[PDB]
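Down below is the structure, laid out as structure tokens.
Side chains are part of it too, since the values below use all heavy atoms of this structure and drop only hydrogens, waters and symmetry mates. Quick note: residue numbers are just sequence positions, from 1. Counting starts at 1 for both ligands and their atoms, in listed order.
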Amino acid sequence: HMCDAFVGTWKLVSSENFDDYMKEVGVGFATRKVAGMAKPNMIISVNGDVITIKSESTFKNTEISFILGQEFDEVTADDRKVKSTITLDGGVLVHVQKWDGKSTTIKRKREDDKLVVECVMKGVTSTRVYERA
Ligand SMILES: O=C(O)[C@H]1CCCN1C(=O)Nc1cc(Cl)cc(Cl)c1-c1ccccc1
């Protein structure tokens, strides 16, 4: 029951500072502009200890499956090859991605009926707000 309140199908409804977050990460112009239009569906499910998170949109369909605390390989929507570790900290899913000596953290939090996603790269934060689909 570790992630019960995250499980479901969620749809992006608002974004703030996302272009600047992508810039900070190193995403190129064309990907930023196209990817910035997308309104992804985030689909979270749990089976035993395995959590699966899918992101489906016009831009890209991605899927990760993982066990909390156990590092895995991930190819991100913007084609970075990263080493990812996802943990639960005080009820927040904390996803750290490492590549090329860089690091970014993505936090997923339940707030009221929303799932609020905070993406941080150095001093730049972006907030992506999802509602139930
Ligand atoms: O898209 C999101 O809301 C954020 C928070 C959850 C994971 N996530 C990303 O990895 N976003 C993204 C993060 C980066 Cl640096 C670049 C892109 Cl292209 C996306 C992206 C954009 C549109 C659709 C899919 C991915």
For [atom], which protein heavy atom lies nearest, and how many Å away is it?
atom	answer
atom 12 (C) of ligand 1	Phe18 CZ, 3.5 Å
atom 5 (C) of ligand 1	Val117 CG1, 3.6 Å
atom 22 (C) of ligand 1	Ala35 O, 3.5 Å
atom 14 (C) of ligand 1	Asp78 OD1, 3.8 Å
atom 15 (Cl) of ligand 1	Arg80 NH2, 3.5 Å
atom 25 (C) of ligand 1	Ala77 CB, 3.5 Å

So if I count the atoms of ligand 1 from 1 in the order they appear, which ones are less than 4.0 Å from some heavy atom of [X]?
X	answer
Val27	15 (Cl)
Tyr21	15 (Cl)
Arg128	1 (O), 2 (C), 3 (O)
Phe59	18 (Cl)

Does even one non-hydrogen atom of [X] get within less than 4.0 Å of ligand 1?
X	answer
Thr76	no
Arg32	no
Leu12	no
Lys60	no
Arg108	yes

Salt-bridge criterion met for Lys83 and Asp73 (N-O under 4.0 Å):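 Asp73 and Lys83: salt-bridged.
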Side chain to side chain donor-acceptor pair (under 3.5 Å) between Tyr21 and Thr104, worked out: CA-CA 10 Å; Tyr21 168 76; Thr104 189; 2.7 Å; yes
Any protein heavy atom < 4.0 Å from atom 18 (Cl) of ligand 1: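 Protein heavy atom within 4.0 Å of atom 18 (Cl) of ligand 1: present.
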Atom 10 (O) of ligand 1 touched by protein heavy atom at under 4.0 Å: no
Any sub-3.5 Å donor-acceptor pair from [X]'s side-chain atoms to [Y]'s backbone N or O?
X	Y	answer
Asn41	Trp10	yes
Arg110	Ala5	yes
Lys109	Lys107	no
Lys11	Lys39	yes
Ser84	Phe72	no
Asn61	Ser57	yes

For ligand 1, the portion of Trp10 having any non-hydrogen atom under 4.0 Å away: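 It is neither; nothing of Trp10 touches ligand 1.
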Region of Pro40 that comes within reach of ligand 1 [heavy atoms, distance under 4.0 Å]: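 The answer is the side chain.
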Side chain to side chain contact (heavy atoms under 4.5 Å, CB included) partners of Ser55, counting only residues at least two apart: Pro40, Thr62
Check: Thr87/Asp89 side-chain N/O donor and acceptor closer than 3.5 Å: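 Not at all, the side chains of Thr87 and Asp89 share no donor-acceptor pair under 3.5 Å.
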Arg128 to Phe18, cation-pi by 6.0 Å centre distance and 45° axis angle: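 Checked: cation-pi criterion met.
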From CA spacing to verdict: salt bridge (charged side-chain N to carboxylate O under 4.0 Å, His left out), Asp112, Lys114: CA-CA 6 Å; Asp112 302 320; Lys114 302 187 185 150; over 6 Å; no
Ligand 1 to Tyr130 polar contact by distance, N or O atoms, under 3.5 Å: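 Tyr130 vs ligand 1: N/O contact under 3.5 Å present.
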